[PDB]
Amino acid sequence: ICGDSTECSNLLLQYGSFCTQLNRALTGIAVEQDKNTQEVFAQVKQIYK
Amino acid sequence: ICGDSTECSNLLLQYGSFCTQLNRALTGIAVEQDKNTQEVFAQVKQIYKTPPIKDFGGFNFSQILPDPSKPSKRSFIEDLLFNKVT
Amino acid sequence: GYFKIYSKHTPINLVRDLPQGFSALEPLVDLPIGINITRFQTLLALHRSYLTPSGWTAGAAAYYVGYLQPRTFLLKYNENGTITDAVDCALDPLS
Amino acid sequence: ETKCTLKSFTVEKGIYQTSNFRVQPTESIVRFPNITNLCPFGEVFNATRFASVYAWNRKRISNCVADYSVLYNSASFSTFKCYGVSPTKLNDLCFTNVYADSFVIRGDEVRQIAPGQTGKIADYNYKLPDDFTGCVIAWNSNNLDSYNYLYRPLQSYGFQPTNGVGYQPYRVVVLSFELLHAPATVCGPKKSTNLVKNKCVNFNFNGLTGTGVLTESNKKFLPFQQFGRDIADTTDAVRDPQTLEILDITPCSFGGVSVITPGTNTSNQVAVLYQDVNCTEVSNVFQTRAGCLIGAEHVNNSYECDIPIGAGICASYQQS
Amino acid sequence: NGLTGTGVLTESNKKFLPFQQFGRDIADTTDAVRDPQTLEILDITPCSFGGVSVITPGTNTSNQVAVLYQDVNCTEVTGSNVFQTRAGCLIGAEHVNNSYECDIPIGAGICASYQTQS
Amino acid sequence: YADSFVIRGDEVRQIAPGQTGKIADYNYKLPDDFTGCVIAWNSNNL
Amino acid sequence: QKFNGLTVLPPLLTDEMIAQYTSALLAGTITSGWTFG
Amino acid sequence: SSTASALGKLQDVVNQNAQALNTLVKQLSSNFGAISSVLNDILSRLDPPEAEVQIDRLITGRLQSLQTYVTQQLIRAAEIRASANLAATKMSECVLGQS
Amino acid sequence: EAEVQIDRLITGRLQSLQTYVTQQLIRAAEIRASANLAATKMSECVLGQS
Amino acid sequence: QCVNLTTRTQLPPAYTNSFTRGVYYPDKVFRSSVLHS
Ligand SMILES: *[C@@H]1O[C@H](CO)[C@@H](O[C@@H]2O[C@H](CO)[C@@H](O)[C@H](O)[C@H]2NC(C)=O)[C@H](O)[C@H]1NC(C)=O
Ligand SMILES: *[C@@H]1O[C@H](CO)[C@@H](O[C@@H]2O[C@H](CO)[C@@H](O)[C@H](O)[C@H]2NC(C)=O)[C@H](O)[C@H]1NC(C)=O
Ligand SMILES: *[C@@H]1O[C@H](CO)[C@@H](O)[C@H](O)[C@H]1NC(C)=O
Ligand SMILES: *[C@@H]1O[C@H](CO)[C@@H](O)[C@H](O)[C@H]1NC(C)=O
Ligand SMILES: *[C@@H]1O[C@H](CO)[C@@H](O)[C@H](O)[C@H]1NC(C)=O
Ligand SMILES: *[C@@H]1O[C@H](CO)[C@@H](O)[C@H](O)[C@H]1NC(C)=O
Ligand SMILES: *[C@@H]1O[C@H](CO)[C@@H](O)[C@H](O)[C@H]1NC(C)=O
Ligand SMILES: *[C@@H]1O[C@H](CO)[C@@H](O)[C@H](O)[C@H]1NC(C)=O
Ligand SMILES: *[C@@H]1O[C@H](CO)[C@@H](O)[C@H](O)[C@H]1NC(C)=O
Ligand SMILES: *[C@@H]1O[C@H](CO)[C@@H](O)[C@H](O)[C@H]1NC(C)=O
Ligand SMILES: *[C@@H]1O[C@H](CO)[C@@H](O)[C@H](O)[C@H]1NC(C)=O
Ligand SMILES: *[C@@H]1O[C@H](CO)[C@@H](O)[C@H](O)[C@H]1NC(C)=O
């Protein structure tokens with residue numbers, strides 16, 4: 001939004017924790033993509049030859 | 001958003017039906033929460049009971065069967081579960 | 001355009017320097033002044049010497065001075081109301 | 001209400017949330033600290049010798065909550081005229097400083113003080129700007145005055161005991177304030193009332209304007225703190241600024257209301273559910289976990305659920 | 001000429017046509033500029049940024065920390081055995097040749113753990 | 001609706017929607033929205 | 001791609017580790033049938 | 001009874017709902033560009049021409065915080081309904097049968 | 001006067017970022033449905049016979 | 001009055017390191033068992 005400009009960054013603090021909520025949402029769907037692969041492929045105890 | 005303020009409530013009518021929609025959406029997912037529990041647990045027609053003498057071949061179900069001297073008549077394992085979720 | 005003073009009196013048993021605990025400096029006064037301040041000093045109470053061979057200079061004294069700065073400090077309040085543990089944010093990465 | 005909400009003339013069976021319910025507050029209260037100061041005003045009006053305009057002195061008044069109605073609503077001071085802000089609105093406001101001039105002019109030259117006309121006493125003795133000097137206060141006097149006060153060219157004044165009107169020896173005291181730039185210092189008397197408890201009131205505890213009930217608290221502040229705050233920043237406890245007593249603030253009850261229709265091809269009977277509220281404070285009246293239910297009789301049977309209320313309680317049209 | 005901004009400047013192997021004053025790719029931000037005096041063409045790529053992550057074993061266990069600087073070749077950032085990986089670079093962690101079950105996922109195949117002893 | 005009255009030239013700014021003062025608050029109050037026009041001219045001759 | 005605020009994080013299992021998983025699944029269903037599950 | 005956080009799937013649903021309801025109330029102390037975040041203090045300190053301009057900054061900010069909450073509860077409830085359709089299939093096919 | 005112009009850019013950019021994040025939550029719930037089917041198809045068809 | 005005095009000595013102002021000192025109550029609000037930032 002602001003991009004290295006401290007006049008904008010103080011005006012953005014009047015909007016509460018919107019940015020905080022936005023970062024918390026995109027991290028929850030990044031951790032989820034690693035669990036999506038762990039459930040499909042890691043279905044084996046040992047490595048068979 | 002207004003909280004007992006008449007000149008705030010007058011300005012909010014300029015937005016139309018933004019808040020008839022939000023109460024309708026939150027009521028649609030509160031009725032759904034009751035349909036969720038009904039479909040899991042109401043799978044049985046009659047309320048069956050276990051016989052008072054328990055000759056199950058040597059198998060022991062006393063920790064998963066209910067307890068008649070207890071709050072809510074929960075089982076033993078059902079009380080360890082309810083004393084761990086805040 | 002204000003002037004706020006915060007204070008505390010604490011018993012101590014260390015040899016010279018600052019102890020390790022926490023101090024809740026509660027405010028004394030606030031003075032509606034509006035004066036523009038940029039330099040200061042401290043007052044000593046020297047007494048007259050008399051028939052003992054200028055004639056001044058009581059005792060021995062020392063004080064510690066250190067200047068604010070802005071950061072963020074988090075207070076883990078008590079059930080009484082008291083600030084007990086203070087957290088500094090820009091101290092280290094762990095903070 | 002339900003038909004209006006659904007915009008239809010026929011409703012089907014169900015339970016519909018149709019409006020809200022709140023207890024409206026009565027008899028607002030305000031509670032402010034105390035008035036300890038009286039203000040230095042003993043040293044302006046009861047002083048013996050007052051000067052003239054050739055040596056107009058000034059007296060700064062600061063750091064008080066003074067008054068402005070014990071010299072306006074009382075009327076023995078012959079001159080109470082000033083402009084712009086009416087003297088009924090000085091008690092609710094205040095600047096930074098208060099200054100007091102004093103001079104004694106006969107009555108024929110008293111009339112030239114109305115800013116927009118600088119006087120002979122005001123062009124060469126006391127500088128009157130284009131803005132109005134705050135107030136000019138004068139009263140007739142014959143105790144220690146009714147001669148030896150000059151002004152300005154240099155001429156003396158004529159004072160005696162048998163001098164016709166217009167020449168009276170008034171006592172002109174001029175009040176003016178400071179730019180009030182920095183934090184002010186001198187307001188009027190603040191205002192308090194008598195507090196109530198245990199009913200929904202509209203309160204003001206030295207700044208906190210909200211609504212709620214005020215019950216007595218058993219909590220302990222630190223001796224410098226004024227109010228408490230919950231998590232997510234809501235004021236729950238305040239301190240009574242006259243009695244130093246901690247009072248809890250809980251919001252006076254709100255909720256939703258809902259109507260239980262068996263449908264309008266069956267009946268026009270209705271039960272009403274006031275959600276999570278005690279019927280004690282606004283057919284039979286039945287108290288439930290879901291709020292109390294008014295218009296439905298609590299039978300002691302068990303059937304299948306037809307219209308759900310909550311926490312295990314249901315309802316359906318049986319002739320009631 | 002008033003086109004204020006921040007970044008590093010390097011010599012551009014791209015060319016202009018002599019009527020062109022600056023350049024851009026996408027989203028109105030300028031990439032190249034012809035300076036008013038030398039009339040040389042210079043690239044504007046911004047000086048590096050990233051995110052900072054911090055790996056902890058739990059305060060109940062210890063008070064020690066490694067720090068991950070995400071997506072930055074750390075010749076431009078302590079000093080406790082830095083280790084460049086694909087997911088950034090680690091500062092304060094000891095690279096070993098063993099292999100265990102994953103404890104704390106760093107990324108791109110690397111995990112981190114606290115065992116005997118830093 | 002044509003409404004006419006005589007006012008000081010200082011107070012020709014006082015006849016406006018959302019205005020406070022002496023004449024706008026104690027003599028003649030235009031409402032807040034006020035679809036309309038305000039016409040004025042000098043009368044030193046009369 | 002990184003332009004301005006935008007980042008792409010790397011996945012925790014690389015493409016070599018995922019291919020080593022599907023080779024151990026395929027070496028058990030040839031050798032052992034359905035007994036390894 | 002010895003090992004806690006074995007119910008970690010059920011604790012995360014209770015924690016996430018409380019996190020979202022805590023953030024709805026803390027957005028009431030935001031200005032959103034007005035002069036004060038309390039609706040009674042721009043009332044007691046401004047005239048109804050200028051108070052209408054500041055209240056319309058609080059309304060637009062508080063209405064956006066309530067629409068963000070309802071949208072995130074609509075997405076989150078679609079994930080619970082997927083998990084309750086799975087527990088209703090596991091009760092048919094594995095409690096009342098043998099799979 | 002810069003503040004009343006910056007605020008027009010803030011509310012427009014904060015709305016373009018929310019429209020992104022809302023549509024990424026809806027899209028990531030479609031992948032989780034399809035990565036749950038791929039997990040069932042490996043349990044019930046690679047590790048067994050269906 | 002104004003009897004000047006000072007001499008000259010002073011050496012290097014001895015430095016030190018306060019660990020955790022100087023936390024004043026920045027308010028009047030009363031919070032109960034709740035970490036506040
Ligand atoms: C079935 O299992 C229960 C375990 O839950 C047994 O109950 C325990 O028995 C021991 C005796 O070996 C007692 O010391 C415990 O106090 C019992 N726990 C209870 C009653 O909660 C029970 O004995 C078993 N029943 C049979 C028939 O073997
Ligand atoms: C407060 O007083 C100081 C004077 O000590 C002002 O600060 C600066 O003082 C230096 C001399 O040391 C001058 O050369 C500068 O010009 C002063 N600063 C400025 C901005 O003029 C300071 O300005 C004063 N503060 C106020 C509000 O007047
Ligand atoms: C002193 O002056 C005040 C004016 O405020 C007046 O009310 C009061 O009566 C005076 N005192 C006496 C003893 O006359
Ligand atoms: C305030 O004044 C009242 C008298 O009206 C007195 O009873 C009370 O103790 C006073 N409190 C303080 C804090 O001065
Ligand atoms: C309910 O209404 C329909 C028409 O609206 C009617 O046909 C039906 O008979 C009604 N039910 C009863 C029990 O009368
Ligand atoms: C409901 O309120 C009344 C009023 O005081 C009280 O007597 C009663 O105990 C309350 N009931 C419950 C269940 O709290
Ligand atoms: C239903 O229960 C109540 C319990 O308070 C009991 O008093 C009442 O008699 C019961 N109803 C009938 C019809 O007996
Ligand atoms: C400007 O001056 C510099 C050296 O001072 C040199 O490039 C040249 O003389 C001028 N460049 C122009 C006019 O583009
Ligand atoms: C520390 O962690 C262990 C396991 O990680 C746990 O059992 C213990 O309760 C924790 N706290 C203390 C004080 O040891
Ligand atoms: C990191 O920097 C070094 C020298 O600064 C360079 O040799 C190396 O190729 C760089 N790594 C990457 C991935 O660019
Ligand atoms: C770890 O492996 C690298 C690469 O094979 C090697 O250079 C290094 O010596 C090894 N470390 C130890 C302790 O053997
Ligand atoms: C000492 O103080 C006097 C004034 O009393 C002054 O003239 C003189 O320069 C000072 N000397 C020193 C070393 O301070």
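Residues numbered from 1 in each chain as written, not as in the entry; some residues may be left out. Chains lettered and ligands numbered in written order. Part of a larger assembly, values for the part shown. Heavy atoms only, no water.

The deposited coordinates derive from cryo-EM, with the record listing a resolution of 3.1 Å.

**A closer look at the overall build of chain A**
Along its length, chain A carries 2 helices and 0 strands. Based on the C-alpha atoms only, the size of chain A along its principal axes is roughly 60 × 20 × 10 Å. Within chain A, the proportion of its 49 residues that are buried is 27%. Total accessible area computed for chain A in this model is approximately 3,200 Å², and 54% of it derives from carbon and sulfur atoms. In chain A, 4 positive and 5 negative side-chain charges are present, and the distance between their average locations comes to 20 Å. (Helix = DSSP H or I, 4+ residues; strand = E, 2+ residues; numbered from the N terminus. Buried < 20%, exposed > 50% of the residue type's maximum accessible area, 1.4 Å probe, protein only. Areas by Shrake-Rupley, 256 points an atom, 1.4 Å probe, with all protein chains shown as cover. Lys, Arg positive; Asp, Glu negative; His and termini not counted. Charge placed at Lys NZ, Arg CZ, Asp CG, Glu CD.)

**Observations concerning the overall build of chain H**
The helix and strand inventory of chain H stands at 2 helices and 0 strands. Its C-alpha radius of gyration of 22 Å places chain H more than 25% over the 13 Å reference for a compact globule of 99 residues. Taken along its principal axes, the extent of the C-alpha atoms in chain H is 75 × 30 × 15 Å. The buried share of chain H, reckoned over its 99 residues, is 26%. (Rg over C-alpha atoms; globule rule 2.2 N^0.38 Å.)

**Here's the deal with the sheet that holds strand β7 (residues 83-85) of chain E**
All names here are of chain E. Sheet architecture is open: 4 strands sit in the order β5-β6-β8-β7, paired in antiparallel fashion. Edge positions in the open sheet fall to β5 (51-55) and β7, since each of these has one partner strand only. For this sheet, the mean angle separating the axes of adjacent strands, direction not counted, is 25°. The sheet contact formed by β7 and strand β8 (residues 88-91) spans 3 bridges and is antiparallel. Among the inter-strand pairings, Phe-83 is bridged to a residue of β8, identified as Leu-90. (Pairing = 2+ DSSP bridges. Axes fitted to C-alpha atoms, helices over the stretch in contact; angles between N-to-C directions.)

**Let's talk about the site of ligand 3**
Taken together, the neighbourhood of ligand 3 is formed by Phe-45, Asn-46 and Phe-77 of chain D. Surface burial for ligand 3 is 32%, taken as the share of its 360 Å² of free accessible area covered by protein chains. (Near = heavy atom within 4 Å.)

**Section: the interface of chain H and chain A**
With 13 residues of chain H at the contact, the number on the chain A side is 7 residues. Contact with chain A buries area across many residues of chain H, yet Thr-23, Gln-27 and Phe-32 of chain H alone supply 43% of it, more than any other trio. In this assembly, chain H and chain A are joined by 0 salt bridges. Along the contact surface separating chain H from chain A lie 2 residue pairs in polar contact. (Contact = heavy atoms within 4.5 Å. Buried area = accessible area lost by both parts, 1.4 Å probe. Salt bridge = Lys/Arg side-chain N within 4 Å of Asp/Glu carboxyl O. Polar contact = N/O pair within 3.5 Å; in protein donor to acceptor, adjacent residues only side chain to side chain.)

**A word on the state of the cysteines**
Enumeration over the complete set of coordinates arrives at 10 disulfides over all chains. The residue that forms a disulfide with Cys-200 of chain D is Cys-252 of chain D, at a sulfur-sulfur distance of 2.0 Å. A residue pair is termed long-range when its members are at least 10 positions apart, and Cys-200 of chain D in the loop between β8 (172-177) and β9 (201-205) and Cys-252 of chain D in the loop between β12 (245-250) and β13 (254-261) qualify at 52 residues. Using a relative accessible area of 18% as the deciding quantity, one classes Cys-252 of chain D as buried. Across a sulfur-sulfur distance of 2.0 Å, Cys-74 of chain E and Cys-89 of chain E are joined as a disulfide pair. On the sign convention where negative is left-handed, the bridge of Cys-74 of chain E and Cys-89 of chain E, at about 130° about the S-S bond, is right-handed. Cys-89 of chain E carries the same exposure label as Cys-74 of chain E, and that label is buried. (Disulfide = S-S within 2.5 Å.)

**A word on the side chain of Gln-225 of chain D**
Considering the arrangement of structural elements, one finds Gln-225 of chain D in the loop between β10 (208-216) and β11 (237-240). With relative accessibility at 0%, the residue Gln-225 of chain D sits in the buried group. Here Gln-225 of chain D is in contact with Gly-81 of chain C, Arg-239 of chain D together with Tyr-25, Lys-28, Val-29 and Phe-30 of chain J, once residues within four sequence places are set aside.

**Points about the arrangement of the chains**
Considering every one of the 14 pairs of chains in contact, the largest contact total is recorded for chains B and H. Chain A makes no contact with chain D; the smallest distance between any of their C-alpha atoms is 13 Å.

**Overview of the interface of chain B and chain H**
Listed by partner, the interface residues are 25 residues for chain B and 30 residues for chain H. With both sides pooled, the region where chain B packs onto chain H buries about 2,600 Å², and carbon together with sulfur makes up 73% of that total. At the boundary of chain B with chain H, the tally comes to 1 salt bridge. Between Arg-81 of chain H and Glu-32 of chain B there is a salt bridge, and its shortest N-O distance comes to 3.7 Å. The tally of links between chain B and chain H comes to 5 residue pairs in polar contact. Of the residues forming the side of chain B that touches chain H, the biggest block, 11 residues, is contributed by helix α2 (residues 18-41) of chain B. Grouping the amino acids of the side of chain B that touches chain H by side-chain chemistry returns 16 nonpolar, 5 polar and 4 charged. (Nonpolar A, V, L, I, M, F, W, Y, C, P; charged D, E, K, R; others polar.)

**Details of the packing of helix α2 (residues 18-40) of chain A against helix α1 (residues 3-43) of chain I**
Each pair of packed helices can be summarised by the angle the axes make with each other and by the distance between the axes. Two elements in contact, α2 of chain A and α1 of chain I, have axes separated by 10 Å at closest approach and are oriented at 15°. Between α2 of chain A and α1 of chain I, the angle falls in the class roughly parallel. For the pair α2 of chain A and α1 of chain I, the sense of crossing is left-handed. Its residues placed into classes, the contact of α2 of chain A with α1 of chain I shows 17 nonpolar, 5 polar and 3 charged. (Parallel < 35°, antiparallel > 145°, perpendicular 65-115°, else oblique. Left-handed = near helix turned anticlockwise from the far one by under 90°.)

**Topic: the packing of helix α1 (residues 8-25) of chain H against helix α2 (residues 48-95) of chain H**
All names here are of chain H. Between α1 and α2, whose axes approach to 10 Å, the crossing angle comes to 170°. Judged on the interaxial angle alone, α2 and α1 are roughly antiparallel. Between α1 and α2, the contacting residues are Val-13, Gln-16, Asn-17, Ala-20, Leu-21 and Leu-24 on the first element and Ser-65, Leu-66, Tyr-69, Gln-73, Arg-76 and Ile-80 on the second. Class assignment for the residues of the contact of α1 with α2 results in 7 nonpolar, 4 polar and 1 charged.

**A closer look at α2 of chain A**
Counted at 1.5 Å a residue, the expected span for α2 of chain A with its 23 residues is 33 Å, and the 35 Å between its end C-alpha atoms agrees. Among the residues making up α2 of chain A, those that are buried are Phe-18, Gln-21, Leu-22, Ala-25, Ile-29, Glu-32, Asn-36 and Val-40 of chain A. In the core, the buried residues of α2 of chain A are packed alongside α1 and α2 of chain H together with α1 of chain I. (Expected span 1.5 Å × (residues − 1).)

**Brief notes about the sheet that holds strand β5 (residues 135-138) of chain D**
All names here are of chain D. Taking strand neighbours across the sheet as the criterion, the 5 strands line up as β2-β4-β8-β5-β3 in an open arrangement whose pairing is antiparallel. Both outer strands of the open sheet, β2 (59-61) and β3 (79-81), are each paired with one neighbouring strand and no more. With strand direction ignored, the average angle separating the axes of adjacent strands in the sheet is 25°. The pairing of β5 with β8 spans 3 bridges and is classified as antiparallel. Residue pairing for β8: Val-136 is matched across the bridge by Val-174.

**A short note on the pairing of β11 of chain D**
All names here are of chain D. Sheet analysis places β11 next to β12, joined by 4 bridges and oriented antiparallel. Its bridge partner lying in β12, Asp-240 is registered against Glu-245. Here β11 folds back onto β12 in antiparallel fashion, the turn holding 4 residues, of which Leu-244 has a positive phi close to 60°.

**Let's talk about the pattern of salt bridges**
Taken as a whole and judged by the stated rule, the model has 19 salt bridges over all chains. One salt bridge connects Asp-145 of chain D with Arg-171 of chain D, and the closest N-O pair in it is separated by 3.8 Å. Of the two residues examined, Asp-145 of chain D and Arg-171 of chain D, each falls in the buried class. Its salt-bridge partner being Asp-233 of chain D, residue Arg-229 of chain D comes within 3.1 Å of it at the nearest N-O pair. Judged by relative accessible area, which is 39%, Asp-233 of chain D ranks as partly exposed. Look at the salt bridges and you will find they share partners, linking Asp-67, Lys-70, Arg-74 and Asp-79 of chain B into a network.

**A short note on the environment of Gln-269 of chain D**
Residue and element names in this part refer to chain D. Within the fold, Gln-269 resides in the loop between β13 and β14 (271-275). The spatial distance from the C-alpha of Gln-269 to the C-alpha of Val-259 is 10.0 Å, given a sequence separation of 10 residues. The residues contacting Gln-269, other than those within four sequence positions of it, are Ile-260, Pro-262, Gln-319 and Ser-320. At 3.0 Å, the side chain of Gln-269 forms a polar contact with the backbone oxygen of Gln-319.

**What about the side chain of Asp-240 of chain D?**
All names here are of chain D. Here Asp-240 is to be found in strand β11. At 2.9 Å, the side chain of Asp-240 forms a polar contact with the side chain of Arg-31. Contacts of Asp-240, omitting those with residues within four sequence positions, involve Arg-31, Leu-195, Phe-205, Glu-245 and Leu-247.

**Some details on the nonpolar core**
Generally speaking, a soluble globular protein has its nonpolar side chains buried in company with each other. In this structure, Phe-41, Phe-45, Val-173 and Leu-175 of chain D are the most contacted members of the largest nonpolar core, which totals 20 residues. When near neighbours in sequence (up to four residues on either side) are disregarded, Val-173 of chain D contacts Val-44, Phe-45, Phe-50, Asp-101, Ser-102, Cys-135, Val-136, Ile-137 and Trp-139 of chain D. In terms of nonpolar packing, the next biggest core, distinct from the first, is built from 17 residues, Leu-12 and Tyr-15 of chain A, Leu-39 of chain H together with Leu-14 of chain I among them. (Core = buried A, V, L, I, M, F, W, Y, C linked by side-chain atoms within 4.5 Å.)

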